There are 2 protein chains.
Amino acid sequence: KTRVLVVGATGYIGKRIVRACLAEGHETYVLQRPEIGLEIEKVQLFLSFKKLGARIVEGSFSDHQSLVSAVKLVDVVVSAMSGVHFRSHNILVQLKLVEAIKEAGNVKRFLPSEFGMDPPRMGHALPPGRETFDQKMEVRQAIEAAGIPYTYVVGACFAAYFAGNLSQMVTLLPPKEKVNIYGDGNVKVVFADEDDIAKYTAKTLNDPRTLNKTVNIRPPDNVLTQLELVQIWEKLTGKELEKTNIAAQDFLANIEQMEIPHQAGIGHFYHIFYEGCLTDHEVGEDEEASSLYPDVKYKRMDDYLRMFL
Amino acid sequence: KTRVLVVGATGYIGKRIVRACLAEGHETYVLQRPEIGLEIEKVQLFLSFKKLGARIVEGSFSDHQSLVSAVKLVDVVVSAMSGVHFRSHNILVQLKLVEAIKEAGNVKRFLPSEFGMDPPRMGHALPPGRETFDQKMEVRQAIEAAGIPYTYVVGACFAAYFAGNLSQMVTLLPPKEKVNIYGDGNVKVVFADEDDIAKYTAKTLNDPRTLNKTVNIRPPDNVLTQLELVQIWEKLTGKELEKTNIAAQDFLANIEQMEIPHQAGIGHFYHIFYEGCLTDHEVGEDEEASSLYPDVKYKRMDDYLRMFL
Ligand SMILES: NC(=O)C1=CN([C@@H]2O[C@H](COP(=O)(O)OP(=O)(O)OC[C@H]3O[C@@H](n4cnc5c(N)ncnc54)[C@H](OP(=O)(O)O)[C@@H]3O)[C@@H](O)[C@H]2O)C=CC1
Ligand SMILES: NC(=O)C1=CN([C@@H]2O[C@H](COP(=O)(O)OP(=O)(O)OC[C@H]3O[C@@H](n4cnc5c(N)ncnc54)[C@H](OP(=O)(O)O)[C@@H]3O)[C@@H](O)[C@H]2O)C=CC1
Ligand SMILES: COc1cc([C@@H]2OC[C@@H]3[C@H]2CO[C@H]3c2ccc(O)c(OC)c2)ccc1O
Ligand SMILES: COc1cc([C@@H]2OC[C@@H]3[C@H]2CO[C@H]3c2ccc(O)c(OC)c2)ccc1O
């Protein structure tokens, strides 16, 4: 019944948002941009979205009128535009979609590509990693400057990037024998299975309680320190890892000499694991996903980590 | 009971071979290399394989003994090494895998990364695209010099790359109004759904009738000229396309000025659509997959194209 267009449909979180939308019963449309020519994996993703009942909608960010038509077909727009330097970081491209929405005037709600650290709260962050927050704030201000009703989904680390690897930067698998603990390891971090983030997204986009609101993904059982997450892994394996504590001064040493994308990752990690930006402020139950949607039975970090045994 | 090691598990056809091996009931092992630590999509394929019952085996082509130890665990090795210029063309890396298979001595059969044009018949092929057939023949010669038992799966155009686009290059979708036709369009081409290719592969690797044989994938109902292919789409859509014929001399014009991966593609199309190298020779029923495995209800091109509607 609610019509939803997903932009960034074949992206990491986007393809999950698409599926979650179909599973929730939204009439679901996905923007197929024509610039994806020989990218066979994207094409076949679109093919499989259609098999499950998504509706292809052709459009391009180089064709302002195509964006206008596209968003004219739906009540809700969800953007999953890319925003990670080691992949690509085109948050600002959404500006064109905001103004398409402005001109079209039918969109009851817009969800921009947030799904992470809360932008309004990273004003102190260090470049280059800060470009993320600023660009999202740039889009937030364009949304509000056009009066577009909105929901911002913030709050949780993607489990695949921060849990499955015990928060080590070199990899996405657990370490064999040795692990680095950032600082004392006693700073709470919020972890969420990406399928849960998508599930909450699909449940909130037409929840009246989240209209013009920031929704936090902070499921209580998944608020864990890094030493706590490493300890779940040690339990699951019955083996203790050699832990080296890394001080902030050492984690940042010679950052100036590193490639810009890695500097940005280091900056993001710094804010999460040394400053604790995801848990350094409180949020009530009228703005937290697992409390707004208690039937969602979110995966806990131990079952997430069990897949890696 | 047949234990297969798939090298190239996450590749385009490789991941399809992984799942076909599982569905066929082979005890299925997949080589997970440590170099792919930060490619999220590959890491999560390995997880998805695991959940299906595949067995993870760690090994690197930069660690000869890891390869030896890898191939020691299985009866059959299937290689799906990359070999397309606009993706990756590393056929010759298999030579190290061949060395390992030689040293290990237990392997009952090897399937090298073939799955296309039949290399020994591409003697007179145009550079740079000729690179593909020369590297596969250099690999073939190491397999036989080393007395390794083999099966070569050849003969079919991947349907995604030649059928879902009506054989239009540099796109993967059917054109909306106009189609180019190479020559008169009456040269017979062989098309196969890549899942049928993987299923035949999984079925042939423990088939006594195909030990040390070339196996052609030439499903008779999918032996089509390009015009017949185009006419199937026209009947699905109910819309006639405006057809422009393109002579060999204009298709090949100024080839030397092309990005050399496009030179490789041009040459490959030329051999397929202009010289009919996939249909210029007959093959017996004792060496053709649909005839060896009639229980496989292979997808025809009308059922294939219904996905693009
Ligand atoms: N731990 C956390 O909390 C994390 C948060 N995030 C955030 O998730 C959001 C999405 O991240 P992620 O899923 O990796 O993004 P992706 O790299 O996966 O890209 C998503 C989509 O962006 C579209 N895209 C990329 N470039 C362009 C372009 N020039 N023009 C139009 N469309 C483009 C593409 O859409 P199309 O499908 O049309 O091709 C692509 O599929 C980001 O804000 C990111 O910061 C992501 C990582 C972790
Ligand atoms: N119409 C036709 O007949 C077609 C035929 N083909 C043929 O199919 C075969 C597979 O092609 P395709 O599926 O596109 O292959 P891909 O390009 O998708 O790559 C397959 C695998 O090759 C592995 N790989 C790549 N580089 C290396 C490397 N340096 N060292 C070790 N492993 C590497 C990777 O394995 P890993 O997953 O472990 O990381 C990769 O996943 C090729 O011979 C191709 O020539 C391909 C296109 C069309
Ligand atoms: C938790 O908030 C965010 C998370 C990220 C995800 O941390 C920045 C990124 C990212 C995932 O890719 C993370 C990252 C960057 C560099 C790395 O080496 C890395 O290794 C796992 C992981 C992106 C933006 C955010 O606001
Ligand atoms: C059919 O046998 C083969 C086909 C190929 C096909 O053509 C080169 C590739 C593989 C897939 O990609 C085809 C391709 C090349 C260039 C293009 O522009 C293209 O557009 C669809 C498609 C490669 C090796 C083969 O043995």
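Side-chain atoms are counted along with the backbone in the values below, which use heavy atoms only and exclude waters and symmetry mates. A, B, ... follow the sequence lines: proteins, then strands. Residue 1 opens every chain.
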Q) Minimum heavy-atom separation for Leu126(A) to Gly267(A), with atom names? A) CD1-CA, 3.7 Å
Pairs under 3.5 angstrom only: tabulate donor-acceptor contacts from the side chains of residues 155-173 of chain A to other protein residues two or more places apart or in another chain.
{"unit_1": "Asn165(A)", "atom_1": "OD1", "unit_2": "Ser167(A)", "atom_2": "N", "d": "2.8"}
{"unit_1": "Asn165(A)", "atom_1": "ND2", "unit_2": "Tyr161(A)", "atom_2": "O", "d": "2.8"}
{"unit_1": "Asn165(A)", "atom_1": "ND2", "unit_2": "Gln168(A)", "atom_2": "O", "d": "3.1"}
{"unit_1": "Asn165(A)", "atom_1": "ND2", "unit_2": "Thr171(A)", "atom_2": "O", "d": "3.1"}
{"unit_1": "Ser167(A)", "atom_1": "OG", "unit_2": "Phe162(A)", "atom_2": "O", "d": "2.7"}
{"unit_1": "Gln168(A)", "atom_1": "OE1", "unit_2": "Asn180(A)", "atom_2": "N", "d": "2.8"}
{"unit_1": "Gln168(A)", "atom_1": "NE2", "unit_2": "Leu166(A)", "atom_2": "O", "d": "3.1"}
{"unit_1": "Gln168(A)", "atom_1": "NE2", "unit_2": "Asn180(A)", "atom_2": "O", "d": "2.9"}

Q) Do the non-hydrogen side-chain atoms of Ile217(A) and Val190(A) ever get within less than 4.5 Å of each other? A) no
Q | Main-chain N/O of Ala125(A) paired to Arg130(A) side chain as donor or acceptor, under 3.5 Å | A | yes
(Q) Over 60° means perpendicular and under 30° means parallel, so tell me whether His271(A) and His124(A) are parallel, tilted or perpendicular. (A) perpendicular
Q: To the nearest 0.5 Å, tell me how far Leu205(A) CG sits from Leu111(A) CG.
A: 6.5 Å
Q: Please examine the side chains of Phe46(A) and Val18(A), heavy atoms only from C-beta on, and report whether any two atoms are closer than 4.5 Å.
A: no
Q: Say whether, by atom type as modelled, one donor and one acceptor occur between the side chain of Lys96(B) and the main chain of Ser62(B) under 3.5 angstrom.
A: no
Q. Do the side chain of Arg218(A) and the main chain of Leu278(A) share a donor and acceptor less than 3.5 angstrom apart?
A. yes
Q. Between atom CG of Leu52(A) and atom CG of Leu22(A), what is the distance when rounded to the nearest 0.5 Å?
A. 6.0 Å
**Q.** Exam field: side chain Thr28(A) to backbone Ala54(A), donor-acceptor pair closer than 3.5 Å
**A.** no
Q: Would you check if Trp233(A) and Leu236(A) make a side-chain contact, meaning some heavy-atom pair closer than 4.5 Å?
A: yes
**Q.** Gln94(B) side chain vs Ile91(B) backbone, donor-acceptor pair below 3.5 Å
**A.** yes
Q: Could you please spell out the steps behind the side chain to side chain contact (heavy atoms under 4.5 Å, CB included) verdict for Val187(A) and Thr225(A)?
A: CA-CA 5 Å; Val187(A) 176; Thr225(A) 71; 5.8 Å; no
Q | Note: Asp302(A)-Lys235(A) ion pair, threshold 4.0 Å (strictly below) | A | no
Q: Answer yes or no on whether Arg306(A) is positioned over the face of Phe308(A), meaning its NZ or CZ is under 6.0 Å from the six-membered ring centre and within 45° of the axis.
A: no
Q) Within the side chain of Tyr270(A), is there an N or O that forms a donor-acceptor pair under 3.5 Å with the backbone of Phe251(A)? A) no
Q. Looking at residues at least two apart in the chain, or sitting in another chain, which of them share a side chain to side chain contact (heavy atoms under 4.5 Å, CB included) with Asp207(A)?
A. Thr204(A), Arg209(A), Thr210(A), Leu292(A), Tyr293(A)
Q: Check whether the side chains of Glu242(A) and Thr244(A) place a donor and an acceptor atom closer than 3.5 Å, and report yes or no.
A: no
Q.
I need the full list of salt bridge (charged side-chain N to carboxylate O under 4.0 Å, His left out) pairs touching residues 58-75 of chain A, with sequence neighbours left out, sorted by first then second residue.
A. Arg3(A)-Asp75(A), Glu58(A)-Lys176(B)
Q: Check whether any side-chain heavy atom of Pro175(A) sits under 4.5 Å from a side-chain heavy atom of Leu241(A), and report yes or no.
A: yes
(Q) Would you compute the distance between atom CD of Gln32(A) and atom CD1 of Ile56(A) and round it to the nearest 0.5 angstrom? (A) 5.0 Å
Q | With sequence neighbours excluded, residues passing side chain to side chain contact (heavy atoms under 4.5 Å, CB included) with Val84(B) | A | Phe86(B), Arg87(B)
Q: Apply side chain to side chain contact (heavy atoms under 4.5 Å, CB included) to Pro34(A) and list each qualifying residue two or more places apart in sequence or on a separate chain.
A: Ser60(A)
Q.
Over 60° means perpendicular and under 30° means parallel, so tell me whether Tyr182(A) and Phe269(A) are parallel, tilted or perpendicular.
A. perpendicular
**Q.** Any donor-acceptor N/O pair, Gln263(A) side chain to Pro128(A) backbone, under 3.5 Å
**A.** no
Could you tabulate the donor-acceptor pairs under 3.5 Å formed by side-chain atoms of residues 113-120 of chain A, not counting sequence neighbours?
{"unit_1": "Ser113(A)", "atom_1": "OG", "unit_2": "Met81(A)", "atom_2": "O", "d": "2.7"}
{"unit_1": "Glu114(A)", "atom_1": "OE1", "unit_2": "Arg140(A)", "atom_2": "NE", "d": "3.3"}
{"unit_1": "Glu114(A)", "atom_1": "OE1", "unit_2": "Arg140(A)", "atom_2": "NH2", "d": "2.5"}
{"unit_1": "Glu114(A)", "atom_1": "OE2", "unit_2": "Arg140(A)", "atom_2": "NE", "d": "2.5"}
{"unit_1": "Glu114(A)", "atom_1": "OE2", "unit_2": "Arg140(A)", "atom_2": "NH2", "d": "3.3"}
{"unit_1": "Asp118(A)", "atom_1": "OD1", "unit_2": "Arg140(A)", "atom_2": "NH2", "d": "3.3"}

Q. Side chains of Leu47(A) and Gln44(A): does their closest heavy-atom pair fall under 4.5 Å?
A. yes
Q) Listed by chain and number, what are the ring pair (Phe, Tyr, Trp, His ring centres under 6.0 Å) partners of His26(A), not counting sequence neighbours? A) none
Q. Under the side chain to side chain contact (heavy atoms under 4.5 Å, CB included) criterion, do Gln231(A) and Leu227(A) qualify, and how do the steps go?
A. CA-CA 6 Å; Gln231(A) 280 166 351; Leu227(A) 187 50; 3.8 Å; yes
Q | Rounded distance [0.5 Å steps], CD in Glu234(A) versus CG in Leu229(A) | A | 10.5 Å
(Q) What's the separation between atom CG in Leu31(A) and atom CG in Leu67(A), rounded to the nearest 0.5 Å? (A) 6.5 Å
Q.
Under the rule for ring pair (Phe, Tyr, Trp, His ring centres under 6.0 Å), what residues qualify as partners of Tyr29(A), not counting sequence neighbours?
A. none
(Q) Can you confirm whether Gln226(A) sits close enough to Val189(A) that some side-chain heavy atom of one is under 4.5 Å from a side-chain heavy atom of the other? (A) no
Q) Is there a donor-acceptor contact under 3.5 Å from the side chain of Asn245(A) to the main chain of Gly185(A)? A) no
Q: Answer whether the closest heavy-atom distance between the side chains of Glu27(A) and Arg55(A) falls below 4.5 Å.
A: yes
Q) Is a side-chain donor or acceptor of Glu39(B) paired with a backbone partner of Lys42(B) at a separation under 3.5 angstrom? A) no
**Q.** Heavy-atom closest pair, residues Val57(A) and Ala70(A)
**A.** CG1-CB, 3.6 Å
Q: Would you mind listing every ring-ring contact (aromatic ring centres under 6.0 Å, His included) that reaches into residues 88-112 of chain A, with sequence neighbours excluded?
A: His85(A)-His89(A)
Q | Results of side chain to side chain contact (heavy atoms under 4.5 Å, CB included) for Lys15(A) - residues two or more places apart only | A | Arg19(A), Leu45(A), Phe49(A)
Q) Considering only heavy atoms from C-beta outward, does the side chain of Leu5(A) approach that of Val76(A) to under 4.5 Å? A) no
Q. Excluding sequence neighbours, so at least two apart, what forms ring pair (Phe, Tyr, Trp, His ring centres under 6.0 Å) with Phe61(A)?
A. none
**Q.** Nearest non-hydrogen partners of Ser88(A) and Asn90(A), listed with the distance
**A.** OG-OD1, 3.2 Å
Q) Which value, rounded to the nearest 0.5 Å, describes the distance between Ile232(A) atom CD1 and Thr237(A) atom OG1? A) 11.5 Å
Q) Can you list the residues that meet the ring pair (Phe, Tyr, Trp, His ring centres under 6.0 Å) rule with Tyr200(A), with sequence neighbours excluded? A) none
Q) So, the side chain of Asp196(A) versus the backbone of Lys299(A): is there a donor-acceptor pair under 3.5 Å, distance only? A) yes
Q. Is the shortest side-chain N to carboxylate O distance from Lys213(A) to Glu287(A) below 4.0 Å?
A. no
